[PDB]
Amino acid sequence: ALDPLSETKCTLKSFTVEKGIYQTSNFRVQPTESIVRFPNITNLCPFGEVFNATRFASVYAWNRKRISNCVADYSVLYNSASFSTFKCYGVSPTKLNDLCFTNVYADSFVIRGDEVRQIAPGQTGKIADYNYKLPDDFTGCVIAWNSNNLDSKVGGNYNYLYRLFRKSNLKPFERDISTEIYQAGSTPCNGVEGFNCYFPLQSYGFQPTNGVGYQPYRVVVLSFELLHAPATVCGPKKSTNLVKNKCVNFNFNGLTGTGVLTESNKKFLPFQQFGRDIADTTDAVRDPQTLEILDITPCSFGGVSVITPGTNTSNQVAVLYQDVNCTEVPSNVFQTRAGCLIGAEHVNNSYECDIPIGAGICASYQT
Amino acid sequence: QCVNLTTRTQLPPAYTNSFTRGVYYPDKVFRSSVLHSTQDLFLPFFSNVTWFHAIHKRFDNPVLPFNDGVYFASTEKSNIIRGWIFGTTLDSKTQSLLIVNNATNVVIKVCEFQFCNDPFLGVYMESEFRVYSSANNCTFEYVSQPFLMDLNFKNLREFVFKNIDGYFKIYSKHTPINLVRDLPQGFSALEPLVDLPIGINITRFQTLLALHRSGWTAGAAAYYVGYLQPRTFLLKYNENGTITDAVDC
Amino acid sequence: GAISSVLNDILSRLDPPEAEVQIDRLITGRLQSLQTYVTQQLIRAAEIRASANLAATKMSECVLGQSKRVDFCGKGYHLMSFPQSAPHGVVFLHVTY
Amino acid sequence: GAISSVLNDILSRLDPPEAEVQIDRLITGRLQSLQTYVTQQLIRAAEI
Amino acid sequence: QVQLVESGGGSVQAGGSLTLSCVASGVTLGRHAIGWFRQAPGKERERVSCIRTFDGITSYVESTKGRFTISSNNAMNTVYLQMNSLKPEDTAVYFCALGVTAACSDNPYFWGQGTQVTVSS
Amino acid sequence: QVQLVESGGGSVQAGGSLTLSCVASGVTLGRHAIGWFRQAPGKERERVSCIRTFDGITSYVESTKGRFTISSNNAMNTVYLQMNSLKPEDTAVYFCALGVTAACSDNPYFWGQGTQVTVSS
Ligand SMILES: *[C@@H]1O[C@H](CO)[C@@H](O[C@@H]2O[C@H](CO)[C@@H](O)[C@H](O)[C@H]2NC(C)=O)[C@H](O)[C@H]1NC(C)=O
Ligand SMILES: *[C@@H]1O[C@H](CO)[C@@H](O)[C@H](O)[C@H]1NC(C)=O
Ligand SMILES: *[C@@H]1O[C@H](CO)[C@@H](O)[C@H](O)[C@H]1NC(C)=O
Ligand SMILES: *[C@@H]1O[C@H](CO)[C@@H](O)[C@H](O)[C@H]1NC(C)=O
Ligand SMILES: *[C@@H]1O[C@H](CO)[C@@H](O)[C@H](O)[C@H]1NC(C)=O
Ligand SMILES: *[C@@H]1O[C@H](CO)[C@@H](O)[C@H](O)[C@H]1NC(C)=O
Ligand SMILES: *[C@@H]1O[C@H](CO)[C@@H](O)[C@H](O)[C@H]1NC(C)=O
Ligand SMILES: *[C@@H]1O[C@H](CO)[C@@H](O)[C@H](O)[C@H]1NC(C)=O
Ligand SMILES: *[C@@H]1O[C@H](CO)[C@@H](O)[C@H](O)[C@H]1NC(C)=O
Ligand SMILES: *[C@@H]1O[C@H](CO)[C@@H](O)[C@H](O)[C@H]1NC(C)=O
Ligand SMILES: *[C@@H]1O[C@H](CO)[C@@H](O)[C@H](O)[C@H]1NC(C)=O
């Protein structure tokens with residue numbers, strides 16, 4: 001890491017370097033700063049309403065609340081020690097604040113302990129199979145806490161129900177509240193009750209003094225919807241002032257990228273939010289704060305070549321930053337069509353090619 | 001005042017050709033001078049689209065099935081087609097969706113409606129709102145600018161309704177037409193209008209019309225219904241962001 | 001086989017122990033894609049080198065001389081040839097009798 | 001590395017979540033075999 | 001098929017306490033009304049108590065009110081009958097009784113073996 | 001926030017035994033001194049007992065020594081007060097008391113609802 005000649009020696013794994021041009025590393029322009037453009041929505045998400053509502057629903061009839069168009073703080077939930085289970089699948093529990101979700105679905109109910117692990121994708125069991133199902137590709141956080149402090153009234157609380165019998169396995173994210181009498185086999189129910197005509201509906205009857213496994217549990221399942229829809233459930237991160245014509249790290253409604261943001265002549269249709277190239281790379285973005293179209297140009301990069309005569313001849317080297325303007329590069333500096341050449345003196349005279357640099361340009365050790 | 005109206009002189013269903021019509025911007029991504037291949041629910045090219053008539057006493061407003069998607073194209077001059085109804089049962093036993101256009105207003109209500117056998121609206125002006133007896137125990141609601149507006153049949157109005165995982169998505173387009181008989185042999189891309197997070201088991205479709213005042217008359221209103229299919233399309237985004245052409249693979 | 005094709009959307013959404021598996025899947029796929037590209041380019045480079053060797057031989061034997069080789073320098077009895085540059089190639093105007 | 005070389009004997013014996021891993025193993029192996037075949041055929045085509 | 005395995009009872013002083021446990025297999029408590037019946041010597045079938053496992057409501061008779069407490073823990077598939085303040089008139093064989101209906105009023109169709117409870121004056 | 005859910009107590013004969021349970025939520029036992037206070041009729045606030053969950057040491061008063069036993073199981077977040085050898089002077093409402101200090105001497109700031117203990121002569 002001392003000088004370009006040492007980079008050449010380490011690249012070749014040789015203490016002696018022959019005359020020629022050698023690519024040793026890759027110049028990359030680094031981002032000066034990170035800029036954030038989230039939508040200014042001060043309205044807090046109703047996590048307060050869903051986490052300590054007066055009454056939660058039964059598992060067989062799980063209550064779904066749609067969360068959208070609000071700033072969401074998952075840090076306050078993670079910091080609270082009340083929750084016993086905070087299992088996040090497809091997302092990181094710490095990273096939840098930075099993410100922007102197109103939708104959120106909070107599913108609130110009450111279950112027992114022995115089936116807390118039933119609510120997780122690819123699980124089986126009575127509550128898992130006939131009460132609440134999670135798809136294998138489910139993305140979101142299951143948050144369970146013990147609340148027998150206000151769950152089980154003395155003498156048994158039979159308010160919350162569960163469906164222990166059903167015709168078929170519940171479909172993922174599907175609710176079945178039907179109380180049609182189930183025919184288990186030989187004897188047809190004919191729509192009436194009797195022997196082997198097991199009714200789907202069953203009752204908990206939590207006692208305040210049951211085993212911890214048998215005790216009530218309040219569970220909220222947050223499902224994060226991350227389609228190509230616009231991201232509306234964003235974190236509380238402060239939006240920063242927009243910076244143009246400078247290689248920056250940017251965040252536009254959950255689209256993160258490193259690039260130079262320039263004023264775009266592209267005139268998006270009013271519903272359009274992003275732009276893409278023939279290769280489906282992000283080409284243009286729309287500022288959330290002001291309806292401005294911005295071209296995203298990737299930060300200047302390219303190979304670094306070392307023009308050297310043999311270490312027999314000299315330790316002097318020139319450096320070619322390939323396809324880089326002589327402004328991005330951090331005493332002769334000469335702009336060629338092959339890139340920026342530093343440490344080589346431009347000479348008007350034409351000679352036979354010695355070290356081929358690029359588009360008609362060659363280098364040599366002389367005088 | 002829920003009423004029964006029956007004088008229609010019914011006829012076996014008419015059919016029409018959809019000459020490369022019913023394409024929409026599949027996503028919110030801007031693209032310029034690119035041929036992009038999309039696997040999505042499109043109205044197949046050159047497919048049968050059912051032709052319902054509202055012409056004087058002939059009225060066609062049957063409760064159509066709502067498959068994977070619907071393309072509703074109304075050619076009109078007297079602004080008769082005002083609204084749509086979605087649901088599984090439409091008897092208030094199951095959640096139902098209602099979209100009605102008022103002068104410079106839209107109403108999109110998701111309620112359990114005790115719908116009529118023949119829901120409609122009445123104009124003498126804008127006299128009757130005889131759709132549902134009861135609109136009980138309502139849920140998600142929306143108001144915005146009117147979907148269809150003025151600015152032979154002078155205007156053709158294309159709509160695409162897709163009820164997908166969590167969103168009822170409406171795409172719309174308004175086109176000046178000199179032709180009065182049937183759909184143009186042209187190309188039009190349907191820009192997205194709304195994405196309502198409704199989440200209903202929609203399989204059961206109905207149209208809302210306005211009657212001019214038994215003792216009724218409809219006036220010229222010709223609307224086409226064409227169901228969507230999962231198809232692969234090749235869309236030609238021109239250099240200024242518009243889908244100027246498409247290929248049904 | 002990863003959760004997302006975007007690498008930056010994995011690191012932002014996952015902890016290093018869990019992001020590691022998805023990044024390994026992406027690395028395997030992209031490495032195989034790059035290896036395929038490089039192998040096809042080596043074969044295509046062999047084809048272009050054969051074509052360029054033929055072009056150099058035609059320049060030597062056809063422009064810098066008169067060739068007795070039949071059909072090496074086009075229809076008929078070769079009189080002379082004139083080279084013209086073309087985008088990534090050469091064009092020989094063969095004057096024959 | 002799959003439980004069976006026969007693809008149809010995997011789908012018949014396993015649920016999609018578990019059949020997915022074995023089918024991925026078979027896909028990786030057969031894709032590598034086909035890539036090897038195509039590369040050797042490109043080199044042999046250059047020779048011919 | 002359904003089994004009603006019983007336990008507890010035996011001999012006890014008049015005014016003492018006992019606990020009867022009934023565990024159900026092949027069925028789950030949560031809707032089916034489960035209760036306790038008894039046979040005193042020279043007496044027919046009579047209800048002692050019942051609990052609706054669908055709602056947890058308990059029904060007794062004049063002879064068992066207050067002295068006997070019925071309690072269903074549907075989670076362990078268990079029903080308990082606690083005798084307190086026993087009398088020699090309570091010397092009876094107790095049957096665990098189950099229905100295919102939510103109502104305790106409906107006659108049980110589903111019987112356990114029986115446990116003898118003897119009360120000594 | 002912290003809840004102190006209490007259970008047990010009720011009516012009992014003079015010289016009998018009872019058990020009071022207090023379970024803490026939003027806090028964990030292990031350092032905070034948790035104890036029992038009571039209100040007798042026409043009497044002010046007085047300490048019954050305390051246990052230092054940091055060390056398990058127990059403190060009583062003259063009126064409760066030996067007869068009452070306090071015991072903290074910090075692992076279930078539970079504290080138990082066992083009355084033995086009760087007297088009609090012990091008819092009182094008992095409050096579960098918690099601190100933000102390790103010392104039982106420090107006045108508790110953290111109160112439970114209360115359970116009535118009645119002792120019949
Ligand atoms: C939407 O409603 C339809 C009924 O209008 C449901 O279709 C029924 O599905 C069950 C099995 O799931 C069948 O036994 C019935 O025969 C179907 N009914 C009809 C009329 O075909 C459909 O399941 C509902 N969608 C969801 C997600 O529950
Ligand atoms: C309970 O509701 C209150 C009311 O806003 C809220 O401040 C608090 O965070 C909620 N508690 C939990 C554990 O979510
Ligand atoms: C954010 O603020 C700008 C002006 O400061 C305003 O135009 C815009 O409407 C605001 N965003 C929203 C979502 O209202
Ligand atoms: C290169 O340097 C070495 C020093 O070890 C010297 O012996 C050799 O003669 C040199 N060769 C030339 C061509 O200058
Ligand atoms: C380098 O940048 C300057 C302005 O920053 C511009 O005038 C010039 O044309 C650029 N040259 C190249 C080769 O990019
Ligand atoms: C070459 O000569 C011209 C004069 O014609 C001069 O402008 C230019 O600077 C010279 N180049 C160098 C590298 O000295
Ligand atoms: C008349 O309207 C009532 C409204 O409830 C409906 O039940 C009935 O079927 C209708 N009659 C006919 C012939 O459509
Ligand atoms: C379909 O279209 C053809 C015209 O090409 C017509 O003859 C036929 O009746 C139509 N059938 C249906 C079911 O739409
Ligand atoms: C007309 O617009 C109003 C908004 O002021 C709306 O409440 C109403 O539903 C619309 N339609 C009718 C038929 O009044
Ligand atoms: C309206 O929906 C609610 C669901 O909370 C239901 O309880 C009520 O019975 C419904 N209305 C009628 C008339 O059934
Ligand atoms: C380009 O945009 C302009 C509007 O500024 C429009 O007139 C023109 O039709 C667009 N180009 C094409 C090919 O449609």
# chains A, B, ... in the order shown; residues from 1 in each chain; ligands from 1

call {"tool": "interface_residues", "arguments": {"of": "chain B", "to": "chain A", "cutoff": "8 Å", "atoms": "only C-alpha atoms", "output": "number ranges by chain"}}
result
B: 27-32, 34, 191-192, 240-241

call {"tool": "write_last_selection", "arguments": {"atoms": "N, CA and C atoms", "output": "short mmCIF file (atom, residue, chain, number, x, y, z; two decimals), in the first residue's frame"}}
result
data_model
loop_
_atom_site.label_atom_id
_atom_site.label_comp_id
_atom_site.auth_asym_id
_atom_site.auth_seq_id
_atom_site.Cartn_x
_atom_site.Cartn_y
_atom_site.Cartn_z
N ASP B 27 -47.02 -1.84 -13.73
CA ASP B 27 -46.32 -1.40 -12.50
C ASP B 27 -46.11 0.11 -12.55
N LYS B 28 -45.59 0.67 -11.47
CA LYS B 28 -45.40 2.14 -11.33
C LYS B 28 -43.99 2.53 -11.78
N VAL B 29 -43.37 1.73 -12.64
CA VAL B 29 -41.96 1.97 -13.07
C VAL B 29 -41.98 2.65 -14.43
N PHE B 30 -41.30 3.78 -14.53
CA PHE B 30 -41.13 4.51 -15.80
C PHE B 30 -40.13 3.76 -16.67
N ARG B 31 -40.42 3.64 -17.96
CA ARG B 31 -39.52 2.99 -18.93
C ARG B 31 -39.60 3.74 -20.26
N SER B 32 -38.48 3.88 -20.94
CA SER B 32 -38.39 4.66 -22.20
C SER B 32 -37.69 3.83 -23.27
N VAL B 34 -38.14 0.86 -24.71
CA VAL B 34 -37.79 -0.53 -24.30
C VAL B 34 -38.96 -1.45 -24.62
N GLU B 191 -53.89 3.87 -17.78
CA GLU B 191 -53.07 4.35 -16.65
C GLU B 191 -53.76 3.97 -15.35
N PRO B 192 -53.00 3.55 -14.32
CA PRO B 192 -53.60 3.19 -13.03
C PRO B 192 -54.38 4.35 -12.41
N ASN B 240 -40.89 8.50 -24.51
CA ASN B 240 -41.53 9.46 -23.58
C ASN B 240 -42.50 8.73 -22.65
N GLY B 241 -42.27 7.45 -22.38
CA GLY B 241 -42.88 6.74 -21.23
C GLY B 241 -44.20 6.06 -21.53
#

call {"tool": "residues_near_ligand", "arguments": {"ligand": "ligand 6", "cutoff": "8 Å", "atoms": "only C-alpha atoms and all ligand atoms", "output": "ChimeraX atom specification"}}
result
/A:345-348

call {"tool": "residues_around", "arguments": {"residues": "residue 115 in chain E", "least_positions_apart": "5", "cutoff": "7 Å", "atoms": "only C-alpha atoms", "output": "PyMOL selection string"}}
result
chain E and resi 6-7+9+93-95

call {"tool": "write_last_selection", "arguments": {"atoms": "N, CA, C and O atoms", "output": "mmCIF file, in the first residue's frame"}}
result
data_model
loop_
_atom_site.group_PDB
_atom_site.id
_atom_site.type_symbol
_atom_site.label_atom_id
_atom_site.label_comp_id
_atom_site.auth_asym_id
_atom_site.auth_seq_id
_atom_site.Cartn_x
_atom_site.Cartn_y
_atom_site.Cartn_z
ATOM 1 N N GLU E 6 -61.875 -42.341 35.345
ATOM 2 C CA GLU E 6 -62.160 -41.661 36.629
ATOM 3 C C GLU E 6 -61.112 -42.039 37.673
ATOM 4 O O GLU E 6 -60.439 -43.086 37.545
ATOM 5 N N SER E 7 -61.002 -41.199 38.691
ATOM 6 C CA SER E 7 -60.099 -41.412 39.842
ATOM 7 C C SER E 7 -60.588 -40.582 41.022
ATOM 8 O O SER E 7 -61.382 -39.636 40.825
ATOM 9 N N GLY E 9 -62.201 -40.407 45.221
ATOM 10 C CA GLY E 9 -63.339 -40.913 46.003
ATOM 11 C C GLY E 9 -62.877 -41.777 47.161
ATOM 12 O O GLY E 9 -61.870 -41.432 47.815
ATOM 13 N N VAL E 93 -72.298 -44.321 44.281
ATOM 14 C CA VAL E 93 -71.317 -44.519 43.188
ATOM 15 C C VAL E 93 -71.514 -43.389 42.178
ATOM 16 O O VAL E 93 -72.636 -43.203 41.677
ATOM 17 N N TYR E 94 -70.447 -42.657 41.894
ATOM 18 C CA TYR E 94 -70.500 -41.473 41.009
ATOM 19 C C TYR E 94 -69.985 -41.858 39.626
ATOM 20 O O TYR E 94 -68.905 -42.462 39.516
ATOM 21 N N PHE E 95 -70.750 -41.492 38.605
ATOM 22 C CA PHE E 95 -70.396 -41.718 37.187
ATOM 23 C C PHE E 95 -70.042 -40.384 36.553
ATOM 24 O O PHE E 95 -70.783 -39.403 36.723
#

call {"tool": "select_by_dssp", "arguments": {"residues": "chain D", "states": "helix (DSSP H, G or I)", "output": "JSON, numbers by chain"}}
result
{"D": [8, 9, 10, 11, 16, 17, 18, 19, 20, 21, 22, 23, 24, 25, 26, 27, 28, 29, 30, 31, 32, 33, 34, 35, 36, 37, 38, 39, 40, 41, 42, 43, 44, 45, 46, 47]}

call {"tool": "write_last_selection", "arguments": {"atoms": "N, CA and C atoms", "output": "compact mmCIF listing (two decimals), in the first residue's frame"}}
result
# COMPACT_ATOMS: atom_id res chain seq x y z
N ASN D 8 -39.69 -37.60 -10.24
CA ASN D 8 -41.11 -37.98 -9.97
C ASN D 8 -41.22 -38.79 -8.68
N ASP D 9 -40.16 -39.48 -8.27
CA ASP D 9 -40.18 -40.23 -6.99
C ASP D 9 -39.94 -39.29 -5.81
N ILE D 10 -39.55 -38.05 -6.05
CA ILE D 10 -39.42 -37.07 -4.94
C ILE D 10 -40.78 -36.42 -4.70
N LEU D 11 -41.38 -35.86 -5.74
CA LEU D 11 -42.69 -35.16 -5.63
C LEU D 11 -43.73 -36.11 -5.05
N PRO D 16 -44.12 -30.06 -0.70
CA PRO D 16 -43.36 -29.05 -1.42
C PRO D 16 -42.25 -28.38 -0.61
N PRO D 17 -42.46 -27.97 0.66
CA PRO D 17 -41.35 -27.41 1.43
C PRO D 17 -40.12 -28.32 1.56
N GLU D 18 -40.33 -29.63 1.70
CA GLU D 18 -39.21 -30.60 1.82
C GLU D 18 -38.75 -31.08 0.45
N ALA D 19 -39.66 -31.24 -0.51
CA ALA D 19 -39.29 -31.65 -1.88
C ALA D 19 -38.44 -30.55 -2.54
N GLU D 20 -38.59 -29.31 -2.09
CA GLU D 20 -37.90 -28.16 -2.73
C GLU D 20 -36.39 -28.34 -2.63
N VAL D 21 -35.89 -28.77 -1.48
CA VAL D 21 -34.42 -28.88 -1.27
C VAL D 21 -33.86 -29.97 -2.18
N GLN D 22 -34.51 -31.12 -2.24
CA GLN D 22 -34.03 -32.24 -3.09
C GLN D 22 -34.10 -31.83 -4.56
N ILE D 23 -35.16 -31.14 -4.96
CA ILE D 23 -35.30 -30.70 -6.37
C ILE D 23 -34.22 -29.66 -6.67
N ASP D 24 -33.88 -28.81 -5.71
CA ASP D 24 -32.79 -27.83 -5.90
C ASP D 24 -31.46 -28.56 -6.11
N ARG D 25 -31.21 -29.60 -5.33
CA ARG D 25 -29.97 -30.40 -5.49
C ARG D 25 -29.94 -31.01 -6.90
N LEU D 26 -31.04 -31.61 -7.32
CA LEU D 26 -31.12 -32.24 -8.67
C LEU D 26 -30.93 -31.17 -9.75
N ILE D 27 -31.55 -30.01 -9.57
CA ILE D 27 -31.46 -28.91 -10.57
C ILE D 27 -30.00 -28.47 -10.69
N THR D 28 -29.33 -28.26 -9.57
CA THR D 28 -27.92 -27.81 -9.58
C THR D 28 -27.08 -28.85 -10.33
N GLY D 29 -27.23 -30.12 -9.98
CA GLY D 29 -26.43 -31.18 -10.61
C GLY D 29 -26.68 -31.27 -12.11
N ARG D 30 -27.95 -31.27 -12.52
CA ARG D 30 -28.31 -31.46 -13.94
C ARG D 30 -27.93 -30.21 -14.73
N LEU D 31 -28.06 -29.03 -14.14
CA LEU D 31 -27.63 -27.78 -14.80
C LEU D 31 -26.12 -27.81 -15.02
N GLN D 32 -25.35 -28.26 -14.03
CA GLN D 32 -23.88 -28.33 -14.18
C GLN D 32 -23.53 -29.35 -15.27
N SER D 33 -24.23 -30.48 -15.30
CA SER D 33 -23.99 -31.52 -16.33
C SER D 33 -24.27 -30.95 -17.73
N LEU D 34 -25.38 -30.24 -17.87
CA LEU D 34 -25.76 -29.68 -19.19
C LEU D 34 -24.77 -28.60 -19.61
N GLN D 35 -24.32 -27.78 -18.66
CA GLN D 35 -23.32 -26.73 -18.96
C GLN D 35 -22.02 -27.38 -19.43
N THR D 36 -21.60 -28.45 -18.76
CA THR D 36 -20.37 -29.18 -19.16
C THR D 36 -20.55 -29.69 -20.59
N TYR D 37 -21.69 -30.31 -20.88
CA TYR D 37 -21.96 -30.86 -22.23
C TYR D 37 -21.86 -29.73 -23.26
N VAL D 38 -22.50 -28.60 -22.99
CA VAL D 38 -22.57 -27.50 -23.98
C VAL D 38 -21.17 -26.91 -24.19
N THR D 39 -20.38 -26.78 -23.14
CA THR D 39 -19.01 -26.21 -23.27
C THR D 39 -18.13 -27.15 -24.10
N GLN D 40 -18.16 -28.44 -23.79
CA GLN D 40 -17.35 -29.42 -24.56
C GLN D 40 -17.84 -29.43 -26.02
N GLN D 41 -19.14 -29.29 -26.25
CA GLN D 41 -19.66 -29.28 -27.64
C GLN D 41 -19.23 -28.01 -28.36
N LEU D 42 -19.15 -26.87 -27.67
CA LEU D 42 -18.66 -25.62 -28.30
C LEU D 42 -17.20 -25.81 -28.72
N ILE D 43 -16.38 -26.40 -27.86
CA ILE D 43 -14.94 -26.60 -28.18
C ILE D 43 -14.83 -27.60 -29.35
N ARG D 44 -15.61 -28.66 -29.32
CA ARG D 44 -15.57 -29.68 -30.40
C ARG D 44 -16.07 -29.06 -31.70
N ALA D 45 -17.04 -28.15 -31.62
CA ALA D 45 -17.57 -27.45 -32.81
C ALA D 45 -16.48 -26.54 -33.38
N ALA D 46 -15.69 -25.91 -32.53
CA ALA D 46 -14.55 -25.09 -33.01
C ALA D 46 -13.57 -25.99 -33.76
N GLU D 47 -13.28 -27.17 -33.22
CA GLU D 47 -12.36 -28.13 -33.88
C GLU D 47 -12.94 -28.54 -35.24

call {"tool": "residues_around", "arguments": {"residues": "range 12-16 of chain E", "least_positions_apart": "3", "cutoff": "9 Å", "atoms": "only C-alpha atoms", "output": "ChimeraX atom specification"}}
result
/E:9,83-88,117-121

call {"tool": "residues_near_ligand", "arguments": {"ligand": "ligand 10", "cutoff": "9 Å", "atoms": "only C-alpha atoms and all ligand atoms", "output": "ChimeraX atom specification"}}
result
/B:92-93,112,136-138

call {"tool": "interface_residues", "arguments": {"of": "chain A", "to": "chain D", "cutoff": "12 Å", "atoms": "only C-alpha atoms", "output": "list in words"}}
result
residues 121, 122, 123, 135, 136 and 137 of chain A

call {"tool": "residues_around", "arguments": {"residues": "range 65-77 of chain E", "least_positions_apart": "6", "cutoff": "7 Å", "atoms": "only C-alpha atoms", "output": "PyMOL selection string"}}
result
(chain A and resi 204-205+214) or (chain E and resi 23-24+28-30+49-51+53+58+83-85)

call {"tool": "write_last_selection", "arguments": {"atoms": "N, CA and C atoms", "output": "short mmCIF file (atom, residue, chain, number, x, y, z; two decimals), in the first residue's frame"}}
result
data_model
loop_
_atom_site.label_atom_id
_atom_site.label_comp_id
_atom_site.auth_asym_id
_atom_site.auth_seq_id
_atom_site.Cartn_x
_atom_site.Cartn_y
_atom_site.Cartn_z
N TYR A 204 -61.64 -22.43 25.65
CA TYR A 204 -60.41 -22.45 26.47
C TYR A 204 -60.73 -22.76 27.93
N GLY A 205 -61.45 -21.87 28.61
CA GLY A 205 -61.63 -21.95 30.07
C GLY A 205 -60.32 -21.82 30.82
N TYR A 214 -50.18 -23.75 30.01
CA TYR A 214 -51.66 -23.75 29.90
C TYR A 214 -52.19 -22.33 30.10
N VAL E 23 -60.96 -37.78 33.34
CA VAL E 23 -60.15 -37.39 32.15
C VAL E 23 -60.77 -38.07 30.94
N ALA E 24 -60.95 -37.32 29.87
CA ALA E 24 -61.58 -37.82 28.63
C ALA E 24 -60.49 -38.07 27.58
N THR E 28 -62.25 -34.10 23.16
CA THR E 28 -61.62 -32.93 23.82
C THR E 28 -62.70 -32.14 24.53
N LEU E 29 -62.46 -31.79 25.79
CA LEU E 29 -63.35 -30.85 26.51
C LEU E 29 -63.23 -29.47 25.87
N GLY E 30 -64.30 -28.70 25.95
CA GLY E 30 -64.35 -27.38 25.31
C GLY E 30 -65.72 -27.05 24.77
N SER E 49 -74.08 -32.99 39.44
CA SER E 49 -73.67 -31.66 38.92
C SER E 49 -73.34 -31.78 37.44
N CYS E 50 -73.16 -30.64 36.80
CA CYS E 50 -72.65 -30.59 35.42
C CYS E 50 -71.98 -29.25 35.17
N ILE E 51 -71.05 -29.25 34.22
CA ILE E 51 -70.39 -28.01 33.74
C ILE E 51 -70.40 -28.03 32.22
N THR E 53 -68.60 -27.18 29.19
CA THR E 53 -67.20 -26.90 28.80
C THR E 53 -67.15 -25.86 27.68
N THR E 58 -71.95 -23.74 35.50
CA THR E 58 -72.13 -24.94 36.34
C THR E 58 -73.56 -25.03 36.83
N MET E 83 -66.20 -32.70 46.84
CA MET E 83 -67.17 -32.84 47.96
C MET E 83 -66.60 -32.07 49.15
N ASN E 84 -67.40 -31.17 49.69
CA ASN E 84 -67.21 -30.63 51.05
C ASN E 84 -68.51 -30.83 51.83
N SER E 85 -68.41 -30.82 53.16
CA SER E 85 -69.59 -30.89 54.05
C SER E 85 -70.40 -32.16 53.75
#

call {"tool": "atom_distance", "arguments": {"atom1": "atom 12 (C, counted along the ligand's line) of ligand 3", "atom2": "CA of residue 246 in chain A"}}
result
26.0 Å

call {"tool": "closest_residue", "arguments": {"among": "A:226, A:77, A:116, A:220", "to": "chain C", "atoms": "only C-alpha atoms"}}
result
A:226

call {"tool": "residues_near_ligand", "arguments": {"ligand": "ligand 11", "cutoff": "8 Å", "atoms": "only C-alpha atoms and all ligand atoms", "output": "JSON, numbers by chain"}}
result
{"B": [238, 239, 240, 242, 244]}

call {"tool": "interface_residues", "arguments": {"of": "chain A", "to": "chain E", "cutoff": "9 Å", "atoms": "only C-alpha atoms", "output": "JSON, numbers by chain"}}
result
{"A": [155, 156, 157, 158, 159, 161, 162, 164, 193, 194, 195, 196, 197, 198, 199, 201, 202, 203, 204, 205, 206, 207, 210, 214]}

call {"tool": "residues_near_ligand", "arguments": {"ligand": "ligand 7", "cutoff": "9 Å", "atoms": "only C-alpha atoms and all ligand atoms", "output": "ChimeraX atom specification"}}
result
/B:2-6,115-118

call {"tool": "residues_near_ligand", "arguments": {"ligand": "ligand 3", "cutoff": "12 Å", "atoms": "only C-alpha atoms and all ligand atoms", "output": "list in words"}}
result
residues 37, 38, 39, 40, 41, 42, 43, 69, 70, 71, 232, 234, 239, 241, 253, 287, 288, 289, 290, 291 and 292 of chain A

call {"tool": "residues_around", "arguments": {"residues": "residue 129 in chain B", "least_positions_apart": "6", "cutoff": "9 Å", "atoms": "only C-alpha atoms", "output": "JSON, numbers by chain"}}
result
{"B": [1, 119, 120, 121, 122]}

call {"tool": "write_last_selection", "arguments": {"atoms": "N, CA and C atoms", "output": "mmCIF file, in the first residue's frame"}}
result
data_model
loop_
_atom_site.group_PDB
_atom_site.id
_atom_site.type_symbol
_atom_site.label_atom_id
_atom_site.label_comp_id
_atom_site.auth_asym_id
_atom_site.auth_seq_id
_atom_site.Cartn_x
_atom_site.Cartn_y
_atom_site.Cartn_z
ATOM 1 N N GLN B 1 -86.370 3.531 -1.974
ATOM 2 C CA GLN B 1 -87.588 2.818 -2.454
ATOM 3 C C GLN B 1 -87.247 1.737 -3.458
ATOM 4 N N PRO B 119 -80.601 -2.956 -8.860
ATOM 5 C CA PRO B 119 -80.117 -1.667 -8.377
ATOM 6 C C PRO B 119 -79.854 -0.705 -9.541
ATOM 7 N N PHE B 120 -80.122 0.571 -9.314
ATOM 8 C CA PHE B 120 -79.920 1.614 -10.344
ATOM 9 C C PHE B 120 -79.923 2.984 -9.682
ATOM 10 N N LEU B 121 -79.810 4.007 -10.519
ATOM 11 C CA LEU B 121 -80.011 5.415 -10.120
ATOM 12 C C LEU B 121 -81.013 6.066 -11.059
ATOM 13 N N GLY B 122 -81.667 7.116 -10.576
ATOM 14 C CA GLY B 122 -82.732 7.780 -11.346
ATOM 15 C C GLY B 122 -82.416 9.230 -11.651
#
